[PDB]
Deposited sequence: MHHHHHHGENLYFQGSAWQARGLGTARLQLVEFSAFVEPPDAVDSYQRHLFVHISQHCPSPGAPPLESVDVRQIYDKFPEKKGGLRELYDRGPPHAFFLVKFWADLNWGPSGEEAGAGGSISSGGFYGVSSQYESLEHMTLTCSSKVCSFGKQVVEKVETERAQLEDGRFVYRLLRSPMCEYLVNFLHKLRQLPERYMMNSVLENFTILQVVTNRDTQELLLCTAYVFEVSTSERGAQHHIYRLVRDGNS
């Protein structure tokens, strides 16, 4: 009954995340394709964290050791169906909270469980309508993922894409920079959506 209904905690909720591409045409007439997209403008299903330990690093900065530090209720699994049917490649995250903090946002890209690239932004808060807003908008997508996307896109069969994406994950950890306590940890596993449907997501709580 205290279990989350969306991707967030009482201390920090995710408002919106999107990874996208804007073609060069967008200047003449703006358009943008969304690979994956969560919008959050009944309890959530659950998943046993151990079942995914192997899909992420297993030493310092790994899922097993992060979950043991807790708090447990901060851990979610996002299952994406990516829309690979479609420039500037970018990503945008927006969070909210009732407390003024300075967040440190780490995004680990992982292949066969081994960290491959990592990014660590830092977002100070901006109070707006009584609640603090954290905006990491239009951040450039990392060069590894943009290449991955163009390579992934050319595989002749969708089941080959999903074969590759079985071994590709991303891990995000948002922590209070000043106190080191963790606020929200999201694990992302990927599938490619069929050509006819657009991106969708299924969010789960990570339990033990």
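Absent C-alpha positions map to the deposited sequence ranges 1 to 16, 58 to 63, 109 to 124, 247 to 250, in order along the chain.
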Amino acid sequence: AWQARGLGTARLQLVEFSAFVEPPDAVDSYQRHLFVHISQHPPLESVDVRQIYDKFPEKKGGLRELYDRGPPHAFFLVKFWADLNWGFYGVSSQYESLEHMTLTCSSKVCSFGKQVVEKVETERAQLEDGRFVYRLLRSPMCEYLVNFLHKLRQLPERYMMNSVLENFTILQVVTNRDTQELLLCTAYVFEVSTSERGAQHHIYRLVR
From here on, numbers count along this sequence of modelled residues.
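Look at the C-alpha B-factors of 95 to 103 and of 123 to 131. On average they run higher in 123 to 131. Of the two segments, 150 to 158 and 164 to 172, the one listed with the higher mean B-factor is 150 to 158 (C-alpha atoms only). Highest CA B-factor among the listed residues (26, 182, 141, 36): 26. In the deposited entry, the Cα temperature factor of residue 193 sits in the middle third of values across the chain's modelled residues. Residue-level temperature factors show residue 206 in the middle third of its chain, judged at the C-alpha atom.
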